[PDB]
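Chemist: kindly return the folded structure for what I paste below:
(2 chains)
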Amino acid sequence: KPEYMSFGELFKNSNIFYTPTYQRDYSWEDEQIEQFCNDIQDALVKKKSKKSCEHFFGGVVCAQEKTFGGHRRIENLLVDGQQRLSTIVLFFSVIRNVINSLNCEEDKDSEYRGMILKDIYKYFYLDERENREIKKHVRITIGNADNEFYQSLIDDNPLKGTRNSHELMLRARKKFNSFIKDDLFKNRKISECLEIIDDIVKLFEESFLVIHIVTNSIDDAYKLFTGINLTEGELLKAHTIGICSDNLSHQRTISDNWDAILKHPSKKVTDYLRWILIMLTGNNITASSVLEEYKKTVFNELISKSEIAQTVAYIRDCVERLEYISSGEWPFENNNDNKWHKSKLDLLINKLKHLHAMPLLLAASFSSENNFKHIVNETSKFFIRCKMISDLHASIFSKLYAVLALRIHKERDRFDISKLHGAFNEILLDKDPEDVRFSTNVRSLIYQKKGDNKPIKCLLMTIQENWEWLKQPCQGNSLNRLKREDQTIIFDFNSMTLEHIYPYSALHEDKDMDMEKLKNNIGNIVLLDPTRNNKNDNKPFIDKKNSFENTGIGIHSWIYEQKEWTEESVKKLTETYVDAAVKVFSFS
Amino acid sequence: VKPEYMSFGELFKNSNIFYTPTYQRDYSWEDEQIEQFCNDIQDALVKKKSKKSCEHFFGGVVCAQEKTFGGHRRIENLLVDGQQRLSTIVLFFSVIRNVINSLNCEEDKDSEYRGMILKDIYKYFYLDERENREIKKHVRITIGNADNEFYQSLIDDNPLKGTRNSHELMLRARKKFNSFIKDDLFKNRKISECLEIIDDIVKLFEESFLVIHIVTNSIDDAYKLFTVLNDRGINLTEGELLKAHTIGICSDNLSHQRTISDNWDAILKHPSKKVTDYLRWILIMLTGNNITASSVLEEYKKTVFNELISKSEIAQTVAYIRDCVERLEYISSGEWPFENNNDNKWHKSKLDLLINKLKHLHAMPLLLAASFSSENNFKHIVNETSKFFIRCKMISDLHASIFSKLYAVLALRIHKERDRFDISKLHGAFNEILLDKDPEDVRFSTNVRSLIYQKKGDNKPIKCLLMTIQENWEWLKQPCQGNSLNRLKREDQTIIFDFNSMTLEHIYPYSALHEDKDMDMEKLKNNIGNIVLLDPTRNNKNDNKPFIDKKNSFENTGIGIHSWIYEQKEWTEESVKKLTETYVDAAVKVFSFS
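Modeler: Numbers count the residues shown, from 1 in each chain, chains lettered A, B, ... in the order given. Next comes the structure:
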């Protein structure tokens, strides 16, 4: 059935290729350039026996093809594949330059070299006659920052080179020379040497294929895979400037702000833009539709008052913050010690990798620093209960955080914390009526023999930090809990100690054969004190009691009181945990 | 100059029969995918009231082979990308069809506008194969083993009861489509108006909602078109693809097919990214030749899953692949892989640093191979690698390819040598790189020298440095011996620093009161020569006041550089210069492997 075409065919036909405006810099590194050569050689090797067909880079995606509006005969707005075609040309400039310097005394420069040279002419130029003049254009033109220098490389008279991409090209060529001269020519006579290049020419003609896909617009091409060449950032840079046509001032402001955004690499740009939008709109917009939604909501004509110019600058500022918050780091200046909350932000996204919260936090950062502080803290507690302890589907977070994120964006410092609780509370009533699913889970928590034990550690740590408020006689309201919570201790999971009250590993003297069934149950587990008290304990309860004498951790009191630790005392702690778990992870 | 497209309707007007590949992944769209599917419909409906309503959705339905000569129905299509979009159209029409089950016999529109629109839309559900004697109408979309049972039932409006999370998603999708047409669209509309929009719905899926049908040559090829950067409704990964290829080799010994099939099943439990990442890091370990993401499918096929290796080892490897995948589940998130009974907390903290705090994923093939070595060899690698990464990436900024070969080769050597590997190899390996990229330590040295305190960050670079010289201080001081193995033996493991509670003090004060504000010194204030770590426990810094009124901080403390600082009379530009050199010197010694 299917129709495929070789790379030669792409250049055989009268095609001219050119990149989009805002085409990203060349990005092929040695990993790509080696693979490009080794692909060749596998197929040279296979030549001796079996087939060399390779479906290279299936898909050279083109966005328009004007036969009367071309650059020369058929313009192609290359959306994906530019690198490959670009380098292929580069590679052939190397084949031409190596060959041209071969000795070639007898019947080669006379014959075979010239026959090879006409067959690759097509990778460099396309001749066209108007009357008596043979005007001839180049077959591929790359990004604006690069093209000038690339062309230089193809003319084998390179320019100096002003940036990374220029260099990345220079190395690929350096590598190509080594690949032909050293790795393929090796030790061979000119006739043996041409024979192998004639096979390279023939590979690109017959064996190396792609699917040539034509498309109606840049956006449609782009939609085929929603980012070596174009991100949403580049498309928005373009759209956004195109909106500010008359005002040549607003443009330069915008171009600059986008360039600062586009510096950062593909994945992070797109992910930031998504998060930013989710905030602004208050909807869990899907990855593909981000490009579309940006234009419908944030960048449009009713919108289009050169507010867009302001918004672009707002995007940058958001990006500058996200570089802190995406890596778990505090967005505000360091003076306020604020270490305890700083420890939460790190926990929340470096340790538990709860990125969903991002638009929340971003919007939070545009509120007050106290707000940010409380939002981070609480949003942890939520995530812990909801997905560390319970295993709810993450879609719980999607819609919740988006409205919140939006709320906070409008309300800023007049945003009040209580909104967060009610918000969290709603959701938790719906999915957990009487704090009964949360409870059953906390109850069925087992210590892990291999983990860092995040889920148990999160639970203990947090109740401990909200212990004082647990034992305050009445009300225990969540807003009071947030005012009267312990921030003096910054718990490190790496140095946290999780004690087995009935010992983890007991020998014959310690016995209790059917207490062994009980160990690992949460009820047989306490957070030891990491305050200077040093937890070098392996023994039975009676022996190891000094561990709980008069220490900073709340539940240690009642653990001391026990003359012995039995099946029943395990049940008695389990419920104490399960209880405070509920009061401490509930919201009002 | 005109490019080809086709609508979802044209797709279905032809005599197509769409099916998924074997092992096609479970249905994965959630409320954000469907809330978009719907908002797409209404905007086009709102744009119908003025301008054009064209819209290129899921451009790129990609089939793998075609047969019309002899078909189950006329034309059969193996879908490798598109299924999920096409499936929630069949779903969404089934929902319109039950919403035209609202007004029975009602006023000359049933046989006119309801019987008609039923048949104009009949096409998404069944394709009438008239056949030799008996009419055989088949369903026009099939979606791989897990769902198809439950799915077929739902469109019919005779739903089964869910057994998987996927089953719920479709059930939610149905339920949300219900609500849309009745509450968003039909909301106070004369049923004449209502039919008018149901009708104008089909017209979009006829004329306005386009795609690009691509026909590929093989499944591999269809997948190659997705080699780079697509993330929604993944129907396959290298994992699923590899399961077929590996089964296809181990077929005529069912013993292997069952053990194989169940392992990949266990593997393929994990979400696709983790799967393709894990698969690469293992291949790298198995070859010692770090290989482009874009080539993992093939390099698995001509290396560890070839025909000359068709020795039933294949099934043992696939099992091994799963051993690794279990391990990688821990290491990947910085969590210790061994039985954590034997405390080893300090090294645990270094793994969490390396993977969760500094994010040096490049190391996974190395870390993985080491986990198959002694837990000692593991301990030491995580340690020494964190040293090398701090040096090369956090302080210096050598480009990440440096690591790519270095680790690939090391991971093999560790895989091959196992528990009788010796650390001095890892040091040598590291040491060769530094002899190459930084022969006389001058690059690393100046980078250290020009480290500045950050007004906003966590200061991870300066912290990585001061903690690490701090932790190796009794070795920096000893009557000099200078051996990397020596350092490793003598190294302090008694404190476990938490970046969140670690304190960086400016020796000349951060914000100095004018009475104490020397101006030449301010040009230095944030330079590392004026920065020191503080005893985490014990003393806590709160004070931005002058050196002299501030000397109590260093007196009899746990951290070595304090002794010298205590000994000063004043804190001059000259004393700064001196410290810089000390830090530069400590670094060069603590961060080398000779």
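
Chemist: dihedrals phi and psi, residue A:59?
Modeler: The phi/psi pair for residue A:59 (degrees, to the nearest 10) reads phi 120, psi 100.

Chemist: contact partners for it?
Modeler: Residue A:59 makes contacts with A:80, A:81, A:210, A:211, A:213, B:224, B:225, as judged by CB atoms under 8 Å, 6 or more residues apart in numbering or on different chains. Where you see a C-beta, it was placed from the backbone N, CA and C, and this is true even at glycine.

Chemist: then residue A:400?
Modeler: A:423, A:424, A:427.

Chemist: the second one: what secondary structure?
Modeler: Think residue A:424. Judged by DSSP: H, G, I helix; E, B strand; the rest coil, the three-state class of residue A:424 is helix.

Chemist: okay but residue A:459 is in contact with residue A:381, surely?
Modeler: No - judged on CB atoms under 8 Å, residue A:459 makes no contact with residue A:381 at a distance of 10.4 Å.

Chemist: burial of the closest residue to residue A:234 other than its chain neighbours, as a residue count?
Modeler: The spatially closest residue to residue A:234, leaving aside those adjacent along the chain, is residue A:22, at 4.3 Å (CB to CB, 6 or more residues apart in numbering or on different chains). Neighbour count for residue A:22, taken as other CB atoms under 10 Å in any protein chain shown: 22.

Chemist: how far out from the middle of the chain is the helix or strand containing residue A:421?
Modeler: Using DSSP states H and E, the element containing residue A:421 is helix A:418-431. Its chain's C-alpha centre lies 30 Å from the corresponding centre of helix A:418-431 when counted by CA atoms, centre = their mean, to the nearest Å.

Chemist: next up, phi/psi of the residue nearest to residue A:234, please.
Modeler: Dihedral angles of residue A:22 (phi, psi; degrees, to the nearest 10) stand at phi 80, psi 10.

Chemist: chain B versus that one, what's the distance?
Modeler: According to CB to the nearest CB, to the nearest Å, residue A:22 stands 18 Å off from chain B.

Chemist: so that residue sits against residue A:239, correct?
Modeler: No - when contacts are counted by CB under 8 Å, residue A:22 is not listed as touching residue A:239 (10.5 Å).

Chemist: all strands for chain A, in order.
Modeler: In chain A, the strands defined using DSSP state E lie at A:5-6, A:15-18, A:60-62, A:74-80, A:125-127, A:136-138, A:140-141, A:209-210, A:212-214, A:498-500, A:525-527.

Chemist: which among those is found nearest to chain B?
Modeler: strand A:212-214 (4.3 Å; CB to the nearest CB).

Chemist: against which helices or strands is that closest one packed?
Modeler: Contacting strand A:212-214 under the criterion 3 or more CB pairs under 8 Å, 6 or more residues apart in numbering or on different chains; DSSP states H and E are the following elements: strand A:60-62.

Chemist: residue contacts, residue A:185?
Modeler: A:98, A:193, A:196.

Chemist: residue A:28 contacts residue A:168, correct?
Modeler: Yes - under the criterion of CB under 8 Å, residue A:28 makes contact with residue A:168 at 6.5 Å.

Chemist: where do the helices sit along the stretch 1-150 of chain A?
Modeler: Using DSSP state H, counting those that start in this stretch, the helices of the stretch 1-150 of chain A run over A:7-12, A:30-48, A:82-101, A:113-120, A:147-154.

Chemist: please apply the same query to the stretch 251-400 of chain A.
Modeler: A:266-281, A:290-293, A:307-325, A:339-346, A:358-366, A:369-383, A:395-411.

Chemist: buried deepest among these, which one?
Modeler: helix A:358-366 (a mean of 26; mean count of other CB atoms under 10 Å in any protein chain shown).

Chemist: need the CA coordinates for it. PDB is fine.
Modeler: Extracted in PDB, the C-alpha atoms of helix A:358-366 (Å, rounded to 0.1, in the frame of the first residue of the first chain):
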ATOM      1  CA  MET A 358       2.500  24.100  40.500                       C
ATOM      2  CA  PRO A 359       0.000  26.600  39.300                       C
ATOM      3  CA  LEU A 360      -1.300  26.800  42.800                       C
ATOM      4  CA  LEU A 361       2.200  27.600  44.200                       C
ATOM      5  CA  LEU A 362       2.900  30.100  41.300                       C
ATOM      6  CA  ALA A 363      -0.300  32.000  42.000                       C
ATOM      7  CA  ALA A 364       0.500  31.600  45.700                       C
ATOM      8  CA  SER A 365       3.800  33.300  45.100                       C
ATOM      9  CA  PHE A 366       2.000  36.300  43.600                       C
END
